[PDB]
Every structure is written in C-alpha cells, then in structure tokens.
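*Asks:* sequence below, structure please.
(9 chains, ligands or ions: 14)
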Amino acid sequence: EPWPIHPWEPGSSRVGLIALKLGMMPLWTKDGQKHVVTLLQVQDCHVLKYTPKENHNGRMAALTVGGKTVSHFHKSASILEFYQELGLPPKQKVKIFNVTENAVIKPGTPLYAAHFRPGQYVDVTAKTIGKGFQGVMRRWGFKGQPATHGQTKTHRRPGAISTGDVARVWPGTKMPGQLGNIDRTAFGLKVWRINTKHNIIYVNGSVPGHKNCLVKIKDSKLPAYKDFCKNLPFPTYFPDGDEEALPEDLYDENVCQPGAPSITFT
Amino acid sequence: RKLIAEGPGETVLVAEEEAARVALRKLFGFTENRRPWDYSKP
Amino acid sequence: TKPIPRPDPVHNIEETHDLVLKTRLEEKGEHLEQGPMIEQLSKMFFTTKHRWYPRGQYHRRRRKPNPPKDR
Amino acid sequence: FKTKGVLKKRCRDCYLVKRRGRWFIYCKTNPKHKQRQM
Amino acid sequence: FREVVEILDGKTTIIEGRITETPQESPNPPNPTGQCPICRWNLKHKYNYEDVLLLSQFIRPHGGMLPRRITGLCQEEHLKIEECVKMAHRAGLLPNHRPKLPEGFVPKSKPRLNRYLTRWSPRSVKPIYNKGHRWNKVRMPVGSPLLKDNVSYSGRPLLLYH
Amino acid sequence: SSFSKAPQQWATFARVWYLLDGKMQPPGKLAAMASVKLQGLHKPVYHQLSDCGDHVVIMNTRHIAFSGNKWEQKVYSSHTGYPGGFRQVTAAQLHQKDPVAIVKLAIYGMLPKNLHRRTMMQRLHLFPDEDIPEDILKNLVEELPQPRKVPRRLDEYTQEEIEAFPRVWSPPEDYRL
Amino acid sequence: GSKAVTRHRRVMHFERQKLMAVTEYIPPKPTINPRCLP
Amino acid sequence: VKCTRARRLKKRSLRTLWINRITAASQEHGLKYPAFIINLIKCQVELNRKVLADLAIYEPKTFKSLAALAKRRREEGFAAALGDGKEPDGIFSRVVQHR
RNA sequence: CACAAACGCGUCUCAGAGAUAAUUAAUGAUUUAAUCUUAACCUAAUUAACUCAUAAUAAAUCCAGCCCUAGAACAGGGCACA
Ligand SMILES: [Mg+2]
Ligand SMILES: [Mg+2]
Ligand SMILES: [Mg+2]
Ligand SMILES: [Mg+2]
Ligand SMILES: [Mg+2]
Ligand SMILES: [Mg+2]
Ligand SMILES: [Mg+2]
Ligand SMILES: [Mg+2]
Ligand SMILES: [Mg+2]
Ligand SMILES: [Mg+2]
Ligand SMILES: [Mg+2]
Ligand SMILES: [Mg+2]
Ligand SMILES: [Zn+2]
Ligand SMILES: [Zn+2]
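*Replies:* Numbering: from 1, shown residues only, chains lettered A, B, ... in the order given. Ligands and ions are numbered 1, 2, ... in the order given. And now the structure:
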C-alpha cells in the first residue's frame, strides 16, 4: 500500500538513513590523488512513525527512522508495544529527519544504501569518541608550563581563569570537563562508491564517532549543494519500482575502479 | 420574569442551589438584613 | 440573562453489559511524575511551579495546629 | 569631508543642508570645502 | 487652481494652463478684525496634529507645504502648522496626499510601525545605548516645542521630553 | 447579601478575566491598567498577602503605537552571561522579532518587584492579533476602555463633517498646486 | 573648601538654586499678540 | 527594636492600605481619590479612611451614595467656578455652622 | 607505538537571508528654481557586528548479573543469530 509519490520540487528535502560505521579504506582517483573513505553499512533502516508538519514544527514534516535490530528482552514495555504495533523488531538508534511534506513515506517502509548515488554530498551526525573527564590541555588545547625550569606542580594546570576586579569567573570560561561524548555533525562529505549487495556507502573524509557505531546520514544542507536532489530518486530508492538489479558497485566518474588498466599519464 | 433571588457558586448546580436557599430565606424572613432580636424589659 | 447550559452525555454505556459500562466510566486513573504533575497543576491554576513543591520539617512543625477563627 | 564644530562657507558656491540630523557645507566647485557639523 | 496640461500629437508638444473653480472662505468668521487667517478664525493655540481638517486645507496634493506669502499666516503659526503637518505625515494621517507610484506599491516592505507625536525623522535618529543615569538622563523628545503654547484645560504642562 | 459562608467567600474572591485591545495604543498606558488589574488594585478587598488577582487578555499587540521617535531611540539590553554576550536591540527590531515582547517587558517593569510578580505574570495572556483560543474567549467578562482615543484619518472623516468644518483661507485662482 | 571665585562655576547651594529659580525673570505677556492684531 | 519600629509603622501601613482600597472603590465608580476626598470634605462629612474602607468593603450602596454626593459637589464647585457669581449657589455647597 | 587503543608530525569539513553607521544619486515643498528629506511616498550602491533560515538533542516508568570503542562514583549502549 504505497503512499502517492509527489514530483520533485526545488524547495524539497529528502529523508536520510541510519548506517553502521565499518572502517576506513584508501581510494585513488584518476588524477593520481589518494583519498580516504569511510564505510557506512545500512543494515536495517525502516520508517517507524510519521509526524505532521503542523504537529512537529509548522514548516517541515518529521520522519522517524530506526537503526539495526536489537533484542526484545532488554527493551521497555512501551517501546516493545510500539514495535509490536508497527510490526517490526526493535531498533537500536531512533532518529528524526526534517523532510518536506511532498517527500513523506509511509511508516514501515524499508530503506537501502542505494538511496545515495555515486557523487553526492552528505552530512553525518554521530556521537564522537568519548574521552571522558579530560584535562584542559587535551580538551581546549591550552599550552602547558615549561617542563623543568623550576615549575612546581604546574606542568598541566590551566593557570589564571579570570581577572582580579571581576571577583568571579565568566560562564564561558574554558575548564576541564567531559570531552568526546557529544553529538557532532560533519558537513559536505562526498560519497564516491556505493556497494549495493552489502549496502555500503563510501563517504570521503573522517566520520565522527568510533567504529561499529550508528551514524545518521542525510543530504548536505550547505548552500553550495542545496538543489542536488533533482537527479536522485525523490521519495527513496525502491528496488521493486525499476524491476532491474543495479550493479554490484556504483562508482563515481573519477574513482579508479579495482579493475583498471593501470592508468598511465601521457 | 421577576428576579426574587440570586446565588453564586463554583458550578452551575451549586449556584442554583445557593439561589434557591437565598430565595427560601427571603420568603421565610430569615435574612441578614432582618430585624435584630429585641432585648428589652416590657 | 442567558439560559443555563446543560451537558449530559454518557458515552461509556454498552448494550451488552451495563454492569461493565458503569465501571467503564469509573475505572479512569492516571499517574505522573512529580515534575509533569507540578507543571500540569501550574498550567491548570495559572500559577508557578515553585508553589507546589512540599516543605521541610522545620516549617511543617511550626504551623499553628488551631489557628484563631473569627465570625 | 572635514568634521568641525562650526561651519562657515569658504566660497560663494558652498550650500548648507541639513541631512541625517547634521549640517553639511557642500561645495561642487571645490570638493575640499565639504564640512560636517559634529 | 491652475493645472498644466501637456499634449503630444505627432512630434508636437502643446503646453497649456487650465483654471478650475476653487472653494472660498466661509462668509462669517468669528473675528473678522483679525488680519491672520487662523488668528481671525480663533484657532490659535487650538489646533494640533490630531486636527486633520485644518491641516489639510493648505497643502499640496503630494504632501508638500504651501508658501506663507500665498497662505497669509503669521510666522509662528506657519512654523507650527508645518511641524503639525510633518508630524501627521510621519504618524500616517493624510493617506491620500502621497504621490501615486504604480511600480512601487507592488514590492511591499515591512509593515509601517504605528507612531504619533513624532518630532524627528524616523531615518535620522540613532538609538540611545547609554540612556543616562538618574541625574544625567538622555530624555526622549516627544512632540514639537512650538506647540507648548496650546490651551491646557487640565492645566498640566505638556511633557516635551519623555 | 444573605449567602452562605463558602459561596460568599467564593463570590468575594472570585477571579475575573478582562479584555484589552492594543491597536493604536501606547504600551505604557496599556501596561498601567494591566498592572493595576494584575495586582488587583481595583478591588476594595485587595491586600498584599491575599492572592486577589485578575487575568488580563491583551490583543492587537502587533499594532501597538509608540509616541515620538521611541521606535528608533528606545533600546532593550540583555546579557547572556557569557563574555561578549551583551546585546542591545532597538525597539523596532524587538517588535519585529517578537510582537509580544514589547508589552510583556513593559508590564513586567510596571509590576512590583516582589516574588508575586512571576505569579501575576503567569496570569497574563498576550496575543499579537485578534486570534484568541475559544477556551480563553469563553472566560472574558468585560473589555476595558482604550486609554488613548485613536485619531481619525483624513479619509475617515465624513463628508458632512468636512463641509461643516469651515474653510479658513481662500486660495487664489492664479496659483497652481 | 573652595575659594570664593573659581573656574568650575562653583555649583551653588540648593537653597540658592531655589532662590534663583524663584527670582528668574518673567517677561510681560500681552493677552493678544500684536503682530496679527489690527 | 523591630517590634517598636513596626508598631510605629503599622499606622502608616494600614492608612496606606485603606487609601488604596478607597482608590479602588472610587475608580470602580469612575471617580478619582483626591477629588472624592476633597468633595466629601467640602460636604462637612468627617469620615476617616478606616470608615471609608469599611463602607467600601461592606456597604456598596452607601459607598456609591457617597461617591454620587462627592461627584455632585464637584460638579457644583465647577459650575460655581465657571459662573463666578455670588448669588448662584449650589444646593450641596451650602455651609452650616456649629449648633 | 613489545595491549586490540591513544596520539601528531598524519587525514576530512567549515555555510544562505535580513539588517545597518559613514558616504553616494532619483522624485519633491517649505524656499512653484534648485536641494539625498531631526518633510513625507516608495527609493536603489552600501562595513563589521546582530538575529533568522538551516544544523544537533528531541520513542518516559524492564533493569538482577556479564561485556563496551561508555565511564571517577553515579549514569549510558549491548547480551537471539554466531
Ligand atoms: Mg570513552
Ligand atoms: Mg609544552
Ligand atoms: Mg621552586
Ligand atoms: Mg615537576
Ligand atoms: Mg616548593
Ligand atoms: Mg562582583
Ligand atoms: Mg570655605
Ligand atoms: Mg503616635
Ligand atoms: Mg521643484
Ligand atoms: Mg543635482
Ligand atoms: Mg534558529
Ligand atoms: Mg541501558
Ligand atoms: Zn566651496
Ligand atoms: Zn497670525
């Protein structure tokens, strides 16, 4: 029972995915340059619930997406009831994507890594590697005191924190504290390769967060690539709509494929 | 269509009951504005 | 003046079992946390959330058990 | 433009105009006569 | 009233003047002995920015002022009426006395903020960030000082700076 | 007059909802009566310790009017606490960003500086336009008069009044407008 | 304690300021303005 | 010490409370407190603020009658000031000596 | 770098709208010429700030024990594939 598909509009936005960070790989370009890609595996992406635009923000609708499957025996009663009503096993990470009202998808719809095509810019949101309660030098990068010129019990102290006349410290003072376990977003990550069989996305650059962690992927909201979704499948990628199996690996126009003639300059 | 009494209340039913009580008190003469009891020596 | 508005509606009545229908309108209950409960009370009574919090032993002991009453 | 407390015309073609809440001596023949009352 | 009419007919420009009928003064002024119009109609120390019927009598259809040598007012009343007309125009009165611009009325801007008794121009006053302390306070002027001589039935002086 | 104790107390200390139109009205004069009603200074049974307080619903907030050049001169300064986080917003900019903020700050300043200020502010309802929920509309009792009489425009004057108003001066026929 | 004659205008006492304000000059104001008068 | 100071200040505080209640009850009748007080004094009605507040709280009809009397006295005074006539005197503006 | 991690010397990313101060010219009366206007009507070229689109969190009442790239304690994520 698919919901009606609306035509793509210039002011429209698409829904994202929730993948798993596998690791990092090299990738060489036809010009001889070397880039580093990160593998994001879309294991289980499913639309859980749909929230109306008026009831969520008043400008854009909200689509809820679930991550990889988890066990029923460690989830709460309400979450288990929600997933029982939905008809799907519980997911680990549940996220909300702001999408336009013309790109809404029926809940319970699965999603695949072919939703992104080779050559596109995506934004990646995840919890970075949490380093715990770290010192000021590792947290804010403050220089330390000289090591052996007589300094006593001061090699890593932050030093002065405020001024004498103020008689207090400003709230914006940089001090030791929790570092790392916060949600961060990297913008403008180019995608080079899409592996369809294993649902793998090769995103250029580093991905915030440790390996084997859930990562929220969406399109780039930067003004440079605001209207790149015209050529992409607007609602989502439907493997049944085309009735044609995509190739195993979709490469960009510049990626040097593993099967190459060992390109040489002229 | 002649007002004989009025009563306030938290709800409509309580207000109506208070109005009925006020009307009954006015009919029986036991009102706050009645004559005070006569304490004299006849 | 305007006529008294009367609202009388029983939507819990069932033709199968009136005994269960009667308990359907009485089995309504709800429990919330302290924060949401205080917020709901403040919203209902147009007050702040600071009033609904309880008070300690020192203040609860010093209240007069039998305050004077006039009239 | 020269910012001054007192404005005076340095030639016969300078005109005084109230603009932006201040007084301005504007001259077209001699642009160096542009004066602004502080 | 005189109107200039231009006619274009085959590379020929005809400029002509046409005289129309104009209203005259009312037959009975309360004080015929007064030389000045306002001073003889006993509207001195009476008018204000709210009185639009008097301010609209002598103004150009595009909101421009009228020369005193043609109007006949005394200098003080002329200045006061000029101030009142400026205040009314800034406050939004006299809606029909603005130039007609077919091209400019389509691109709407931010809604006009309601104001009254405005002394300075809206585009020439910088906000007061210091605002002064109690003893030295930068008071905000309201109304024109030329209207301080108006009749005060309550008797309280008009606060020109608040 | 002859009421029982509980209904008499309820009637005496009942809360009242008032309405206040804010179109073409000065914020100071609106806030004066708003503060009076919020404190309950209009009741002979008023007392500081008592909770005598009335609700006020002010509409047409976006159409407020400032006397003089206050739109361009009056400023509102706030500080986020962080260094360099001191902002000064002009009255016009603050009204554009949030219509409610102007009258809200005016009433907050006019209210007394005790702890009851927050309680009586929570009883205040401000709406930019004439779009009031029915749950609030059903509670309104009376509408307070506007403290300032809105002056008429030239086109709003009737032709009979225009003709009745005498022509002070007679323009010459030779002049051109 | 300042000298009798100073350069800073020697701000006066409050009673003296009140006396000056009371004794300020008041020009005679005719009932009718004579400019537009016959 | 605070007990003594507050005993001294209690009279002022209660007088201010009575004045505030009188202002409330008078503005409820559309009359200002200074005008109400001066016009009630001009009528040789020597009622203090305590009694006036008690009447406002518990005798609405009596307080409305007093407000009407004050407004009538104010109107008579304004009419006399406008007229500037010795012969025309208001009904309620007549002064009665001691007996 | 004698721990599966951390780290730089190694690698990736870094943004649209409004708004202005000074200063330019259009139209126009007081001062029927002109004149950017503490005269209006819309004007257009315009600093840095500053806000706003946008971005992140944003599914409440199972938590004994065992692991964790999560953590001072407390908290948080997993324990069905194998
Ligand atoms: Mg950690
Ligand atoms: Mg070092
Ligand atoms: Mg040493
Ligand atoms: Mg050492
Ligand atoms: Mg030592
Ligand atoms: Mg300090
Ligand atoms: Mg001395
Ligand atoms: Mg004494
Ligand atoms: Mg001209
Ligand atoms: Mg020119
Ligand atoms: Mg925002
Ligand atoms: Mg857990
Ligand atoms: Zn010159
Ligand atoms: Zn004159």
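
*Asks:* now the helix or strand harbouring residue E:39: how far from the chain's centre is it?
*Replies:* Element membership for residue E:39 (DSSP states H and E) is helix E:37-41. How far helix E:37-41 lies from its chain's middle: 18 Å, per CA atoms, centre = their mean, to the nearest Å.

*Asks:* which helices and strands sit right next to that helix?
*Replies:* The contact analysis (3 or more CB pairs under 8 Å, 6 or more residues apart in numbering or on different chains; DSSP states H and E) places helix E:37-41 against helix E:75-91. For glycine as for every other residue, the C-beta is placed from the backbone atoms N, C-alpha and C.

*Asks:* and the helix or strand just after the helix it packs on, is it in reach of RNA strand I?
*Replies:* Later in the chain than helix E:75-91, the nearest helix or strand by DSSP H and E is strand E:114-116. No. On the criterion CB under 7 Å from any atom of the strand, strand E:114-116 is out of touch with RNA strand I, staying 9.9 Å away.

*Asks:* quick one: strands adjacent to strand E:114-116?
*Replies:* The partner list of strand E:114-116 in its sheet, established with DSSP bridges, is strand F:65-67 (parallel).

*Asks:* ok, residue A:256 touching residue A:29?
*Replies:* Yes. The pair residue A:256 / residue A:29 is scored as a contact, 6.2 Å apart, by CB atoms under 8 Å.

*Asks:* helices of the chain, start to end?
*Replies:* Since you didn't name a chain, this refers to chain A. In chain A, the segments counted as helices under DSSP state H are A:53-56, A:77-86, A:136-140, A:239-242.

*Asks:* out of those helices, nearest to residue C:6?
*Replies:* Nearest to residue C:6, of all these, is helix A:53-56, at 33.9 Å by CB to CB.

*Asks:* contacts for the closest one next, please.
*Replies:* For helix A:53-56, contacts defined as CB atoms under 8 Å, 6 or more residues apart in numbering or on different chains pick out A:59-62, A:101.

*Asks:* Three-state assignment for residue G:6, please.
*Replies:* coil (DSSP: H, G, I helix; E, B strand; the rest coil).

*Asks:* tell me the secondary structure at the residue of chain F found nearest chain B.
*Replies:* Here chain F gets closest to chain B at one residue, residue F:11, 3.8 Å apart by CB to the nearest CB. Three-state assignment for residue F:11 (three-state DSSP): helix.

*Asks:* test my guess that it contacts residue B:8.
*Replies:* Yes. Using CB under 8 Å, residue F:11 is in contact with residue B:8, at 3.8 Å.

*Asks:* any shared contact partners between those two?
*Replies:* Joint contacts of residue F:11 and residue B:8 (CB under 8 Å, 6+ apart) are residue F:3.

*Asks:* which one of residue A:256 and residue A:29 has more residues nearby?
*Replies:* Per other CB atoms under 10 Å in any protein chain shown, whichever of residue A:256 and residue A:29 has more neighbours is residue A:256, with 17 against 13.

*Asks:* got the contact list for the nearest residue to that one once chain neighbours are set aside?
*Replies:* Ranked by CB to CB, 6 or more residues apart in numbering or on different chains and with sequence neighbours excluded, the top spatial neighbour of residue A:256 is residue A:28, at 4.7 Å. Residue A:28 makes contact with A:34-35, A:256, according to CB under 8 Å, 6+ apart.
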